[PDB]
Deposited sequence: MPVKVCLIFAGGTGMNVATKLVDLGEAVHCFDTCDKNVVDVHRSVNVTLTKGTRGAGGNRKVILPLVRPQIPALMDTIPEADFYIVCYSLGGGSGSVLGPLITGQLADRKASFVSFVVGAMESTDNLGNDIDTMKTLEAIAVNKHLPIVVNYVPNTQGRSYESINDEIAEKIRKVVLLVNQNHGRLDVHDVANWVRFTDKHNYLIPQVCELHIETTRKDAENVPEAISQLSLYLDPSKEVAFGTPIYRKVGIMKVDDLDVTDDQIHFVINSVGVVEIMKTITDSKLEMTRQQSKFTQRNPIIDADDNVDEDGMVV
């Protein structure tokens, strides 16, 4: 198995991938067409589904039978990262289907998902995709751990994509197997926390990636925590998580970007994430339902022919 396999789906996933092409063979991209394929993608894996050239209900029956074929192109790995938009039609279908397959592999993985906010279609998709991940968490009895990134009004997709790529790199660093005290089994039991803590409920959880003790301590109701430290003198057993582990980073590790990084998993924040999306959609739909249009400028006295000609 490789150390980590990175999986990207849909346009948003393709776009984020462009920022990670230096990871090469470890990167696997999937989409239903080539609208988002650019030259830099030659450096990574790209697979497009057949017969599929925004509506998830339409895309699902077309792509479902192809999933096994997609999975054969994804090597066995010690950890996976999955990335896509919750709000489109392709990423939000391919992403969760592949995620289900990773759960069947008994894999350790996290996802980076985008809350798209343009339209009631985006918002409806966001809701259905979050519900999808919840259903998968239940059906596979496994936490589905996601770093949720909302497209906040006024912020460029470029900016958001940059932030996501930088977080993905921290996870790639986390799982690089080069840290003192930190095992592949330690990582597995961090993210698959229900395996050994059977009294906990598998569900959609959030991943919070923080670079200070203060920020990490402020994650509410933390369930499972992993901390990396460059200066082992700064290690402090803070917070109240159920599961906690620490790794010591190496100063000659060129990928070490920060002095300490905390990866905190909780789930209480998902309620507010859903509420924000549904309230936004309600407000947009209120406006749509309030919109009115004039009466017709034709009526029963008008002689209309088969082609719509009034002469």
Exercise. Got a list of the deposited-sequence ranges with no coordinates?
Worked result: 1, 55-57
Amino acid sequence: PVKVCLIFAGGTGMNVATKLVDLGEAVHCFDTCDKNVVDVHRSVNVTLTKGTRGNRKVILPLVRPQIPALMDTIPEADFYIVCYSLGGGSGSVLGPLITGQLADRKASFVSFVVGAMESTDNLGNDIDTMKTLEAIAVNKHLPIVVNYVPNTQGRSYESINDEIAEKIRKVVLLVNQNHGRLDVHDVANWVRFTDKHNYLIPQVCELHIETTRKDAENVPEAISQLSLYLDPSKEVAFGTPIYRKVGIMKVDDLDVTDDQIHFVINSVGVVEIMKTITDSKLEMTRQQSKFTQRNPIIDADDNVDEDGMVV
From here on, numbers count along this sequence of modelled residues.
For this session: Using only the Cα atoms and their B-factors as the entry lists them, report which of 37-45 and 276-284 averages higher.
Result: 37-45
Seminar exercise, completed: Quick note on 148-156 and 187-195: per-entry mean CA temperature factor is higher in 148-156
Exercise. According to the deposited entry, which of 221, 231, 210, 128 has the largest Cα B-factor?
Worked result: 231
Exercise. What's the residue among 118, 206, 134, 217 with the greatest CA temperature factor in the PDB record?
Worked result: 118
Exercise. Can you tell me which third, lowest, middle or highest, the CA B-factor of residue 111 falls into for its chain?
Worked result: lowest
For this session: Would you mind ranking residue 103 by its C-alpha B-factor against the rest of the chain and naming the third, lowest, middle or highest?
Result: lowest
For this session: State the tercile, meaning the lowest, middle or highest third, of residue 14 with respect to the CA B-factors recorded for its chain.
Result: middle
Problem set entry | Ranked against its chain, the third holding the CA B-factor of residue 244 | middle
Exercise. Once the chain's modelled residues are ordered by C-alpha B factor and cut into thirds, is residue 61 in the lowest, middle or highest one?
Worked result: middle
